[PDB]
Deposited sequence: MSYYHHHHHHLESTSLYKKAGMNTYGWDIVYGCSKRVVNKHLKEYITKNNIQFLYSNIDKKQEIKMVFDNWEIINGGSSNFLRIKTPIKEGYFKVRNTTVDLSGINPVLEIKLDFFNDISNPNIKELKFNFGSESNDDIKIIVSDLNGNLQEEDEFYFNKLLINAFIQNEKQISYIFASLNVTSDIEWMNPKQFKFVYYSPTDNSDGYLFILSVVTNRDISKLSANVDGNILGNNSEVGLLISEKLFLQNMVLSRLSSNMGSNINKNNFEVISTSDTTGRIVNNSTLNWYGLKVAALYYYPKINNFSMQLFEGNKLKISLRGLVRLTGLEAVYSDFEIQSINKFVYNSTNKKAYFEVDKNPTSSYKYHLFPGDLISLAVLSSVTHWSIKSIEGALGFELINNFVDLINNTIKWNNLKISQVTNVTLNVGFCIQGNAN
């Protein structure tokens, strides 16, 4: 449990999803251009008006927490106050606008991450800089700031850009999010993250800490699954794939060591398949089995068992095996698997009548074959459904991806792809 922080970290969350702002900006720009967004606001009693036709909206770094920082360059427009009109062509404001997850009234099972403009009684829109180009000053700046907010709030219905769609239900049930937060992150580009938990546990004490390495190797899209979810949903149903028909998922379980970590144990005797040694078949039994993450990217497997001589069951061996099995993702054939240990360790104890050399020779062979059989069977393949995983819950701009680029095990399990 000491090595919990030494690899990739979900920081107490279950599944973390990320997208590059470079990717989002592409779609946001298309959205602003295609819809020819203009904001008007008028107040005849107070003799004020404003018109803004936007060049673009562009996300930039520096956004705090659950705000995006954005530039909203105005290509043309004006405001008018005390019989004075001010030209807004070439004015380049920097705002911060809150994102929130919104309900869809005809579908409880999809949430959408969108801009939240709030109201005059909150700060869901903040003015960072009135004009990055330095053209507004004094009274002009003061009135512009007021009228900009007026115009944004009044024209809130015009902006429905979907940053991400979130599926409450899905084909991959173990991913279904119960609670979720948005966080913007600035790497040493910029990253938009959604942090999720898949149960109703208390999140009020979790921070908005996120591991920027989720979008490492210049990845466009990524996700990080907790150690515990990886063990439960990717390892538990595959570790016994080479152990024969009598050893299956139901013989094992995950022991939790925190909300986000755990290890795997057997819950019953593991009845190995029959092994033919000379003329007879022999049936090893594994009584204790443990499996935990080791050095972030390996499984350390410790087990104890015995094997009795068929037809002479009084004669038997105890054995113990310790195997270290490294995760590999082959980027060519798309297989994700745990390698067989090339240098496993073992020990054994024979139980034989003193001086019985015949039984010794038989037991020696049976014990060796049993240990080698088990050692060779401890490596196994994951099901590669990684494109489906990255498309299951969060679709950034409601778009699916097609290409996974990297798959890493480092405490958490990280799938990265192209947008």
**Request:** Write out the missing regions of the deposited sequence in sequence order, one range per stretch.
**Result:** 1 to 14, 203 to 205, 437
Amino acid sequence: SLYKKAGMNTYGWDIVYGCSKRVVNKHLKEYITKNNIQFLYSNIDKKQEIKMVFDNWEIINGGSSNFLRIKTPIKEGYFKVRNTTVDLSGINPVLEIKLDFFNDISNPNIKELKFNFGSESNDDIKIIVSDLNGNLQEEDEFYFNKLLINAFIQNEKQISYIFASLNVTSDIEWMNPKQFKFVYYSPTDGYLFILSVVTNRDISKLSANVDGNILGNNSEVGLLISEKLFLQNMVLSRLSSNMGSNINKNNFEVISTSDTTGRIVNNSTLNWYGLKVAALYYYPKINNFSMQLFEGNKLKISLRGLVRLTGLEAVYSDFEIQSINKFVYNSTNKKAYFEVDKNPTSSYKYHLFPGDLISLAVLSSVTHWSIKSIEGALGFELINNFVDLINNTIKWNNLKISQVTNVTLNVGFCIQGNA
From here on, numbers count along this sequence of modelled residues.
**Complete:** Higher avg CA temperature factor (312 to 320 vs 83 to 91, as deposited) belongs to 83 to 91
**Prompt:** Quick one: higher average CA temperature factor, 382 to 390 or 30 to 38?
**Reply:** 30 to 38
**Top Cα B factor in the deposited entry, candidates 227, 96, 339, 138** = 138
**Request:** For the C-alpha B-factor as written in the entry, point me to the maximum among 325, 103, 257, 240.
**Result:** 103
**Asked** Relative to the other modelled residues in the chain, which third contains the C-alpha temperature factor of residue 295: lowest, middle or highest?
**Response** lowest
**Prompt:** Sorting the chain's CA B-factors, does residue 403 end up in the lowest, middle or highest third?
**Reply:** highest
**Message:** Among the modelled residues of this chain, does the Cα B factor of residue 376 put it in the lowest, middle or highest third?
**Reply:** lowest
**Request:** Relative to the other modelled residues of the same chain, rank the CA B-factor of residue 349 and answer lowest, middle or highest third.
**Result:** lowest
**Message:** Sorting by Cα B-factor within the chain, modelled residues only, which third would residue 78 end up in: lowest, middle or highest?
**Reply:** highest
